[PDB]
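By convention in this document, chain letters (A, B, ...) are assigned in the order of the sequence lines, proteins followed by strands, and residues within each chain are numbered from 1.
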Amino acid sequence: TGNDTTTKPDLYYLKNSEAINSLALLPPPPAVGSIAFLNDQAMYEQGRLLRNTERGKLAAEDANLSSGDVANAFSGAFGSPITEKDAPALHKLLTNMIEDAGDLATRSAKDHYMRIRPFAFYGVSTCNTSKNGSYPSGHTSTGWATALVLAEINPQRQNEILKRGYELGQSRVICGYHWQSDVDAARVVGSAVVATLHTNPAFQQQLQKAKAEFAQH
Amino acid sequence: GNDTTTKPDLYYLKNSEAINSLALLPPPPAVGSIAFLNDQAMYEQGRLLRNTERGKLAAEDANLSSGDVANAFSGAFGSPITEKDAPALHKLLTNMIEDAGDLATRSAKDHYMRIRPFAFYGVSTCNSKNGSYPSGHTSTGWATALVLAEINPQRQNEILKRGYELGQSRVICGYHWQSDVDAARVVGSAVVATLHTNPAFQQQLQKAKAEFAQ
Amino acid sequence: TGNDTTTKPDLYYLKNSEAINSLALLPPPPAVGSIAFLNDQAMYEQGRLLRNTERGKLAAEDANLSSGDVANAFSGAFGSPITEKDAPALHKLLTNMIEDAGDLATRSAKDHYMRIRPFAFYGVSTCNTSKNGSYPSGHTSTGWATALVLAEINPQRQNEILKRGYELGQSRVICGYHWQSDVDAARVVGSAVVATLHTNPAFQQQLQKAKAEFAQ
Amino acid sequence: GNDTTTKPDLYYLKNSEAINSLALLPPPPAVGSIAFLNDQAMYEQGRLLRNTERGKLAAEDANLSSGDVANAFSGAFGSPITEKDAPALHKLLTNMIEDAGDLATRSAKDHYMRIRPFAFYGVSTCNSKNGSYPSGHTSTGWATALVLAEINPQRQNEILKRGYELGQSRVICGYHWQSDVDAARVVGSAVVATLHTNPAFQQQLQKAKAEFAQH
Amino acid sequence: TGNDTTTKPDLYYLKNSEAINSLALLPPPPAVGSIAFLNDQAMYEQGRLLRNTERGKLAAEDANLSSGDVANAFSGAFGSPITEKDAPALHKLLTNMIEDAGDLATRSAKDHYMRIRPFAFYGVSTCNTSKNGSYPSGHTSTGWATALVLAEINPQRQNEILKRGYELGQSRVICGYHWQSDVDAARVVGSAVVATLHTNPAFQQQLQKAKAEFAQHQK
Amino acid sequence: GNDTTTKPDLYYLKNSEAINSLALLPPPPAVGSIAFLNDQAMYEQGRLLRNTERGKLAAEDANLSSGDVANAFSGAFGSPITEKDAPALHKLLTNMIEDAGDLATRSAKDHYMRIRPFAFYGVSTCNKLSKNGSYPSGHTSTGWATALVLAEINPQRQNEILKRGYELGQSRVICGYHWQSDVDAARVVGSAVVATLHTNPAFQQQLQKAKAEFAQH
């Protein structure tokens, strides 16, 4: 009743039973009629107007990123290409945890609230062109968990890396895929799954490997 | 500014290894914005909660000084986290207190010098008057939960939940605005990534895990 | 089991089992953090600044009215003194329903939400200087139920009467005893209890009596 | 200026016996106020409910014309309220429709000529573009429930609840702002006090009750 | 840099160096996410619903006014036709200052903020079917500066005149060309350029001439 | 209603020559409106500024009585505006004080009798204080009218001067004497009274005199 490492050993490191219970950790999303939701809407409008700036351009690009391209999207901040060909050890580490962070860490809350997404709410398109399950953001969770892991491998560039991971979430806000509160919530959950990953042997093996590789080149 | 070279028992890192909170974090909600209007509403909600059972716990958490944070997780952890019952673990959590509470917040804290709720309303709390953004206490509470969860995964949810509530207590008690604690969790989770690159931290972590298995 | 006609036959006409379930009828009160509550606060401030006007004076007076003085507070609008001495039949009718409207019709919701009152919320006094059970307003409910009944007796003055009853609630808002949403809710509930009263034999007896008296 | 002297089957009262809604009711929330900001948020909430089960019921209630209102209480009442199964009762409720829906709202409705949600957003509804405040339908729905509750006290809560929800349906469906229906309940309850002073109404009430007892 | 009296002596009295620094005088416009902007939006909605009333009709008419028709739009309030044929001295005065108020006094701030306009923001048309440079309003500045000048010529009708000038700005709000804060800002700037105009010799010459003319059309 | 015929030294105009502020100005924001919500937020922002340097200047400007307004522009003007250093100029600005502070505000001020911030919050100010007649601000009107006049005399420093005049109004906001909308309204009315002043012979005489004096040095 839900994919995990025993169904897709290449996309997950953990089992359903090792997942963070996002439903119990996270407060509910702002309800329409609240001042907090009024803020989500205002942030949506701000993001919308940014769609035409340079920042909006980068946003449209980040919205194209599928789960698999997330790792490579940190090459600039990391300081070297994160590709299967230039760093297979590292590329393997980040790819096998994608759904631990994007799915297992968000599933519970995502399916209970079934929150509607901005574009669906306004019945308008997004900046780059599942109308529910908006809260919390799976992509943002993956983006942020990846940054935390990457920062441990290259502490010398933790700030650039952390910043990049943070902006990946904001791009979804600017592009209309999520409400601001959806991404803020995703960072709580995405940081939590990283703690669990550190208790997983396979993850630990790849981490050491990826670090050796890093020292290597 | 203090760091491991000045208080080796409260910090693991050096000033140069600190997360630049000023450049990571967006600025706090400015008065006149809708976001701040929400911070105020959350302060009122917290105020009315002061009289409930949740408010009682809140007052208790507000008494926690940096040193008592570790022991405040005993219930969630499943066993007493004290120097006497778990010196290895108690040593691990205590030596990182300021890495999370100070280094990870300093930069943004000193630039914004945000006023605190009780100071803003000129009223007391449930238990300085600036440097409210982000919350140092919340950062320490959350960094500690992330570490503790790695040692005892079987109780990660109880632990993570307790750590999350430590922050909310400061909101209910009037020490911080909601946005102050939300910000603190971003920064607190970040300092944990750096700690994992520090040899001394790594030594104690292993030690604490061994002790736990014992 | 709380008070009702079997414990205070002079303040109630109905039994606990005949009460309107306010908890199930009414939506919950505006939660702090919502736009609605922001409006309740704004109305509180408006009322506060009115405290110094003539309307504020009347407000302070209405806040002095205990459940028993409510009936007589309609004399002006009714067009004649509503007192035990000048109209005992009418005065008896209105008095015996006071808690049917002020208590039975509000109890359920009032005890579940235990909503804090404005003056308590701001830790300031009121204009006529219980801190919970604010939603819905028992007083407003009684005031409004009384107006509906009184209007049936003197249709020629229904508007003056209905208007006075409406203002009784607003005085509580201006004086700081209730949030606006507390009185709005009370009028739904107060009008409901009147439907039940019309099925009660004793009420019906006094109603006819009160009308006969009015004719004489 | 219709009233009992023009449509004796839709009204019980005369223009001169009508509640002056304009003088009773406060004005509707003005755009630019916090109150209106709340009306809009409730509109959005109702909009998103349009796809749930509650939204389905809402669409159905929006189909109800003044004449179907009485029958819409059958479930809550506990028995079919139709001309064939309860002509006495069905006659009572039908002849008061415009006393509640028109006379008790007219004054304020024509003075404010408030725009409706769907017109405001230039979008369709879930099922006139002015005279939104107060809601005539809600007033009729609420006055009917108050009357029906007097006939069957044993089910006053189901009945009162149904009547309340008829109004909310118009909110969810986009026909009215929340403040429009809240106002309608004040006015709809008032007209019921007047009806109780009307002889014809009193005759039918007794008749309807007798019928209920026989039934 | 841009146009001024040395490039279009018939639309400006002043030089770029004599311009009010609107960027340094004015506070920035309400940012989206602030309560102030929430108010700008509410006023936009109010104006939108007015589009169908009589006030909305006048609004649509005022939105047709190009910079050159502004002077004549005060004829009713002024009490007599302000046209080149009926009052060439006055008509010349008001026309030669159009860009001093509409451009020089707004340029700086207008180009820095490049504020989006309501109709563009909502992606809907206006009531009189550039998408930026909305803050402050050039038109409102010209409308208000003209009223201030006209009021000095005919003090007996200053209130009607000032009122008309004020309403020209509000029409843009009702019609969707500007946010309320854009026109409020314009009046600060428009009133300032009038102070400078009073130091300009050519302006002073025409002002006297226009007043003389005003005295003669009476008898 | 005082005017030039009762205090020829404080006014240039007569009651009949006054701008009808009530008819020109829109009403002040009503409590319960979004606009008022903004006035309150600006009051809070000003309050927190009271402890900064800008707050210090604010407190000083709040001490300014109508008679000290002229001299408060010396720095911006570029030279001391005093009876001893520039009696012609000092006489010009002083005799118009109530034209701007009273005649141009009277009508609307007395009709709305708007409560002031400090009174509203029942707290003190930043500096026996009037509690109503807040809208529009008489002080701001005088401050702004003075700036407009002073800018005509010294165009070379119009921006410094206009800026100073604008800030005089903001000080009352920061200090709690007025709501933001009170000072915004005051600048419309203050600029209008300046148009009338230019039609007044006495004013015209002193203006020329003041300019001559300015050229003199």
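- Here the shortest heavy-atom pairing between E/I153 and E/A210 reads CD1-CB, 4.4 Å.
- We find the CD1-NZ distance between F/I97 and F/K7 to be 11.0 Å, quoted to the nearest 0.5 Å.
- The CG atom of E/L168 sits 7.0 Å away from atom CG of E/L65, with the distance rounded to the nearest 0.5 Å.
- Here E/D10 pairs with E/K92 under the salt bridge (charged side-chain N to carboxylate O under 4.0 Å, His left out) rule; sequence neighbours left out.
- A donor-acceptor contact shorter than 3.5 Å links the side chain of F/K109 to the backbone of F/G133.
- By the side-chain hydrogen bond (donor to acceptor under 3.5 Å, both in side chains) test, E/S191 is found to be paired with no residue, residues two or more places apart in sequence or in another chain being considered.
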Q: Apply salt bridge (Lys or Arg N to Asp or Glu O under 4.0 Å) to the pair F/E53 and F/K56, showing each step before the final yes or no.
A: CA-CA 5 Å; F/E53 288 291 321; F/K56 171 188 170 60; over 6 Å; no
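- Not a single side-chain hydrogen bond (donor to acceptor under 3.5 Å, both in side chains) links F/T52 to another residue, sequence neighbours left out.
- Within the structure, side chain to side chain donor-acceptor pair (under 3.5 Å) pairs that include any residue of residues 198-209 of chain F comprise F/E152-F/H198 (at least two apart or interchain).
- Heavy atoms only, all atoms of each residue included: F/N2 and F/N15 are closest at O-OD1, 3.1 Å.
- Contacts of E/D182 classified as salt bridge (charged side-chain N to carboxylate O under 4.0 Å, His left out), with partners at least two apart in sequence or in another chain: E/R115.
- For the atom pair CG of E/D100 and OG1 of E/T106, the computed distance is 11.0 Å after rounding to the nearest 0.5 Å.
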(Q) Determine whether F/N154 and F/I161 satisfy the following criterion, side-chain contact (heavy atoms from CB on, under 4.5 Å), listing intermediate values before the conclusion. (A) CA-CA 9 Å; F/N154 192 351; F/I161 292 169; 4.3 Å; yes
(Q) Assess the residue pair F/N132 and F/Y112 against the criterion (side chain to side chain donor-acceptor pair (under 3.5 Å)); give the C-alpha distance rounded to whole Å, side-chain angles, the decisive distance to 0.1 Å, and a yes or no. (A) CA-CA 9 Å; F/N132 297 302; F/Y112 295 114; over 6 Å; no
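- In summary, F/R157 and F/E160 engage in a salt bridge, as defined by a charged side-chain N under 4.0 Å from a carboxylate O.
- For the pair E/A192 and F/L162, the tightest heavy-atom approach, listed with the atom from each and the gap, is CB-CD2, 3.9 Å.
- The stretch residues 144-163 of chain F participates, sequence neighbours left out, in no ring-ring contact (aromatic ring centres under 6.0 Å, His included) pair at all.
- How far CD1 of F/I19 is from CG of F/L103: 10.0 Å, rounded to the nearest 0.5 Å.
- Listed here is the closest heavy atom pair of F/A104 and F/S141: CB-OG, 4.4 Å.
- Under 3.5 Å, the side chains of F/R54 and F/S171 contain a donor-acceptor pair of N or O atoms.
- The shortest distance between side-chain heavy atoms of F/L129 and F/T125 falls below 4.5 Å.
- Residues F/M96 and F/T146 form a side-chain contact, since some pair of their non-hydrogen atoms from C-beta on lies under 4.5 Å apart.
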Q | Stepwise side-chain contact (heavy atoms from CB on, under 4.5 Å) check, E/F203 with E/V149 | A | CA-CA 11 Å; E/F203 180 80; E/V149 175; 4.1 Å; yes
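- Listed by first and then second residue, the disulfide bond (SG atoms under 2.5 Å apart) pairs that reach into residues 38-114 of chain F come to none, sequence neighbours excluded.
- The side-chain heavy atoms of F/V183 and F/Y135, taken from C-beta on, include no pair separated by under 4.5 Å.
- In this structure, the side chain of F/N38 does not engage the main chain of E/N39 through any donor-acceptor pair within 3.5 Å.
- When side chains are defined from C-beta on, F/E213 counts as touching F/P87, because their heavy atoms get closer than 4.5 Å.
- F/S181 and F/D184 form no side-chain donor-acceptor contact under 3.5 Å, judged by distance and modelled atom types alone.
- Between F/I174 and F/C126, every side-chain heavy-atom pair lies at or beyond the 4.5 Å cut-off.
- Considering all non-hydrogen atoms of both residues, F/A18 and E/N159 come closest at O-ND2, 4.2 Å.
- Sorted by first and then second residue, the side chain to side chain donor-acceptor pair (under 3.5 Å) pairs involving residues 21-35 of chain E (not counting sequence neighbours) are E/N21-E/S108.
- The six-membered or imidazole ring of B/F36 lies near that of B/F120, with a centre-to-centre distance under 6.0 Å.
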(Q) side-chain contact (heavy atoms from CB on, under 4.5 Å), that's the test. Do E/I35 and F/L37 meet it? Break it down for me. (A) CA-CA 7 Å; E/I35 296 165; F/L37 200 62; 4.2 Å; yes
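- The distance from the CZ atom of E/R172 to the OG atom of E/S134 is 11.0 Å, given to the nearest 0.5 Å.
- Side-chain contact check for F/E17 and E/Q158: no donor-acceptor pair (N or O, by modelled atom type) lies under 3.5 Å.
- Between F/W179 and F/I115, the closest heavy-atom pair is NE1-O, 3.0 Å.
- For the atom pair F/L92 CG and F/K211 NZ, the distance stands at 9.5 Å (nearest 0.5 Å).
- For the ring-ring contact (aromatic ring centres under 6.0 Å, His included) condition, no pair includes a residue of residues 52-71 of chain F, sequence neighbours left out.
- Here the side chains of E/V194 and E/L148 are in contact, with some heavy-atom distance below 4.5 Å.
- In terms of the side-chain hydrogen bond (donor to acceptor under 3.5 Å, both in side chains) criterion, residue partners of F/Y166 (sequence neighbours excluded) are, by chain and number, F/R187.
- Between E/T6 and E/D4, the side chains place a donor N or O and an acceptor N or O closer than 3.5 Å (distance only, hydrogens not considered).
- Note on residues 46-101 of chain F: pairs passing ring-ring contact (aromatic ring centres under 6.0 Å, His included), not counting sequence neighbours, are F/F77-F/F214.
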Q | Intermediate values then yes/no, side-chain contact (heavy atoms from CB on, under 4.5 Å), E/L150 and E/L94 | A | CA-CA 8 Å; E/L150 234 46; E/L94 307 170; 3.6 Å; yes
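- Side-chain atoms of F/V69 and F/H139, non-hydrogen and from C-beta on, do get closer than 4.5 Å to each other.
- In this model, no donor atom of one side chain and acceptor atom of the other lie less than 3.5 Å apart for E/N132 and E/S130.
- Of the charged side-chain nitrogens involved, at least one lies within less than 4.0 Å of a carboxylate oxygen, so that E/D62 and E/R164 count as a salt-bridged pair.
- The environment of F/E83 atom CD is sparse: at most 12 non-hydrogen atoms of other residues, nucleotides or ligands sit within 6.0 angstrom.
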Q) Yes or no on side chain to side chain donor-acceptor pair (under 3.5 Å) for F/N63 and F/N127, after CA distance, side-chain angles and deciding distance? A) CA-CA 7 Å; F/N63 270 159; F/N127 183 50; 2.8 Å; yes
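- Contacts of F/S137 classified as side-chain hydrogen bond (donor to acceptor under 3.5 Å, both in side chains), with partners at least two apart in sequence or in another chain: F/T140, F/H178.
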